[PDB]
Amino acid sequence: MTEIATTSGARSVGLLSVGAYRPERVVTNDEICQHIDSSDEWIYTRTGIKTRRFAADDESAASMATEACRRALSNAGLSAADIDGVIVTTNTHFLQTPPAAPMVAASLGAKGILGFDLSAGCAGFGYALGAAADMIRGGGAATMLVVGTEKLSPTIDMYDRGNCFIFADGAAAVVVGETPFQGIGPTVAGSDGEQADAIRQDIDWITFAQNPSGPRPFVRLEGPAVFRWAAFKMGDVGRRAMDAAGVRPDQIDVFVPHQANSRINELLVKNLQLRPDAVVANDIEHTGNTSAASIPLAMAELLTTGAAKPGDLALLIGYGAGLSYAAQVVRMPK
């Protein structure tokens, strides 16, 4: 009887490199407070944030994704010609269509390679990485680009006081391909749609379009709800990711949680029973919460300062919007 064929690729997959792009402009809490009622100290105190980058007007999630990919390719010693596909994960591509992925591939000179946009709120990176690994192992690609990119600044209500100092822009990509050793552990993910409102665009685009003189949409954040959720639930997610990867808490060298808030992550570093000398990402201090691009930008920073070395065993935990989370254990890139 005719049977549909089954294919497969390299069983061992890993992060060949990481490339990060940060917008030239810097924005201080004071600059922020020059339109808000609070302190440049109460900010960096309740949220380890001191400064963040805002992209120019002529930039987009797509353009920053492209530059991030160029850097990842160079850091991996590859050219666009070595890439089989690209997954752009973002929440700020301001067009219902076309997707950013095909445009990014074109800008890289990457022919008609497959690609798509993945949106899972802040945890889109973990979902995209897992997807790239599954595709490569399944034989649908051999080498891929996974880039998290975000241009949130244009969606911030400078008068929100609840998040205007939280979100920021930026993009970071990783090259995923075959490695001698297993570099990407099993994906652990889930969500809580019951709390979809905790991080949302308040007005949908069509309603706004039908009421142009009415209020325009802005990103709203129910900080406490998110703070509690992550702090209390990401510890369990961390253990599952380690368990699935067959690793124990004490074997983790690097911890890269979503750069949502220092207070949440410091609490997680303790609840995960990581060893005392475990390196922890704190890229948020001068980058803020870049949602989907957060983790890959944080990984790049840890490597940047040498705090993390290639080969290091890291625990990645993305949590955020939609109330989605995605985690995995990986071997640091570059």
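Numbering starts at 1 and follows the sequence shown.
As recorded in the PDB entry, 265 to 273 is the stretch of 289 to 297 and 265 to 273 with the greater mean C-alpha temperature factor. The question of which stretch, 127 to 135 or 106 to 114, has the higher mean Cα B factor is settled in favour of 106 to 114. In this structure the maximum Cα B-factor among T149, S119, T187, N163 is found at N163.
Taking the PDB entry at face value, the top CA B factor among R248, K233, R240, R71 belongs to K233. For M158, the recorded CA B-factor ranks within the highest third of the chain. Only modelled residues enter the ranking. Sort the chain's modelled residues by C-alpha temperature factor and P224 lands in the highest third, per the entry. Annotation for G320: CA B-factor lies in the middle third of the chain's modelled residues. Placement of the Cα temperature factor of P23 within the chain: highest third of the modelled residues, per the deposited record.
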